[PDB]
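Chemist: The sequence isn't on hand, but the structure is:
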Ligand SMILES: O=C(NC[C@H]1CCCO1)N1CCN(C(=O)c2cccs2)CC1
């Protein structure tokens with residue numbers, strides 16, 4: 001299964017699944033500083049799933065590893081901003097992270113395999 005390009009549509013489909021998850025609700029658009037006035041005191045690099053989807057559709061990711069780094073940033077930002085490990089939005093982030101990691105592991109594997117096949121000679 002050595003298609004170097006196949007990761008892109010696989011990531012589009014996984015983002016569609018994440019947008020259907022009720023657990024993505026807090027993470028679907030950049031945080032609003034009116035409601036969370038100190039957010040940018042704590043978080044140096046905001047990230048959200050609409051930004052990830054737009055970057056993918058612009059042709060601004062070279063690899064699924066770069067997409068994976070931005071999606072992991074969504075979850076690290078929620079862990080850094082939460083006042084409690086028992087918070088509602090942090091708890092949603094942990095379930096969504098588990099779902100994402102379960103689905104991205106074949107996308108990464110297949111891509112890295114396809115690039116090794118391309119370099120085989
Ligand atoms: O404002 C947003 N998200 C956009 C809105 C738009 C309507 C739904 O979501 N967020 C999500 C990320 N935050 C967190 O991870 C945490 C808050 C408390 C503990 S962690 C901050 C609040």
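Modeler: That came through fine. Numbers count the residues shown, from 1 in each chain.

Chemist: Might you report the residue contacts of residue 108?
Modeler: 64-65, 68 (C-beta atoms under 8 Å, 6 or more residues apart in numbering). The C-beta positions use only the backbone N, C-alpha and C, and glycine is treated the same way.

Chemist: Buried subset of those residues as a PyMOL selection?
Modeler: Provided next is the PyMOL selection string for whichever of the contacts of residue 108 are buried by 16 or more other C-beta atoms under 10 Å:
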select buried, resi 64+68
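
Chemist: Of the contacts of residue 108, which belong to helices?
Modeler: Among the contacts of residue 108, DSSP state H puts 64-65, 68 in helices.

Chemist: List just the nearest of the contacts of residue 108 to the ligand.
Modeler: Nearest to the ligand out of these is residue 68 (C-beta to the nearest ligand atom; 18.9 Å).

Chemist: contacting residues for the closest residue to residue 43 other than its chain neighbours?
Modeler: Of all residues not flanking residue 43 in the chain, residue 77 sits nearest, at 5.1 Å (C-beta to C-beta, 6 or more residues apart in numbering). Residues in contact with residue 77 (C-beta under 8 Å, 6+ apart) are 43, 45-47.

Chemist: okay, now residue 96: neighbour count?
Modeler: As a burial measure, residue 96 scores 23 neighbours (other C-beta atoms under 10 Å).
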